[PDB]
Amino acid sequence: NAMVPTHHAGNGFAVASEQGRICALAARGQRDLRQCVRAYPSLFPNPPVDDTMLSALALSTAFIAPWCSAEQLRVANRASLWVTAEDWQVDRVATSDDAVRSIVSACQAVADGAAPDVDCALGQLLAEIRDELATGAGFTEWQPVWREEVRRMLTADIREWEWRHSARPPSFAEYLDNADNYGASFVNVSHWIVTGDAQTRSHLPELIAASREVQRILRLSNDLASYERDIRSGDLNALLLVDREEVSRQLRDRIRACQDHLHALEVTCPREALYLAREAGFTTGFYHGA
């Protein structure tokens, strides 16, 4: 026990002071989330989307990238909201194989630059985000990268809708392969487009592979936390495909592998790696809620 420090108040003060500054940062970010729910209240019903949910969202993006101002976090926050609006339109609103695919097609069209249909709130919010990226981009030729993340996420949403209505569930491995429907990579790439530079662009392929590794971690941590809810709605959950012991051991090992990659990656992408490490850290700790 003598190797364990006797004094902790000094570091205690310093850590708590940064946690307090980030909580105020998150409160400032919550203001744009409210603005967004307001412009499109049809996407954000109350029974799910209340200021409690908006608070948790703003706390996550502030604690994931605490070096950003609230204005710099605008995109990450609205993209995160857009993912939850799109999830809802697909999981709850859609009632047909045809309904889901027209949503997907309409979003892809907007992501590719088409004007949103006037009756399509989901498409109008995406078009707003896309135009924010166009004005805010720190580098050119961001469009192919962003459209690809849109495509990957929407395609995976299709596959999950099919699984919920299919005769046989996917394997655990196949399910984890489908984690783009979580939307984390979509959010990360949106964030990096407005906050990165030319250096960011030349490292985008590696950054996106790391982002997809973190997203698999987030899917496992999400599902371990949401098992009861998922059971309740017939939604797919990793713990239906393997047991909690395998999910937890795999979470542990994936985290340790991912941090080894981030350790290498930070030599070239210090800000990028940090963003991902804090995204994996905050989200797994928050979802676990120990």
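One-based numbering along the sequence shown.
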Worksheet entry | 116-124 set against 180-188, stretch whose average Cα temperature factor tops the other in the entry | 116-124
Item to complete: Would you determine, from the values in the PDB entry, which of 42-50 and 251-259 has the greater average C-alpha temperature factor?
Response: 42-50
Practice prompt. Please work out which residue in 150, 204, 129, 99 has the highest C-alpha B-factor recorded for this crystal structure.
Written response: 99
Worksheet item: Which one, 174, 162, 71, 213, has the peak C-alpha temperature factor per the PDB entry?
Response: 162
Discussion item. Please place residue 55 in the lowest, middle or highest third of its chain according to the CA B-factor in the PDB entry.
Written reply: highest
Practice prompt. Sort the modelled residues of this chain by their C-alpha B factor and say whether residue 109 lands in the lowest, middle or highest third.
Written response: middle
Worksheet entry | Third assignment of residue 234 from its chain's C-alpha B-factors | highest
Worksheet, complete the sentence: Sorting the chain's modelled residues by C-alpha B-factor and splitting them into thirds places residue 276 in the lowest
Worksheet item: Looking at the C-alpha B-factor of residue 199, is it in the lowest, middle or highest third of its chain?
Response: highest
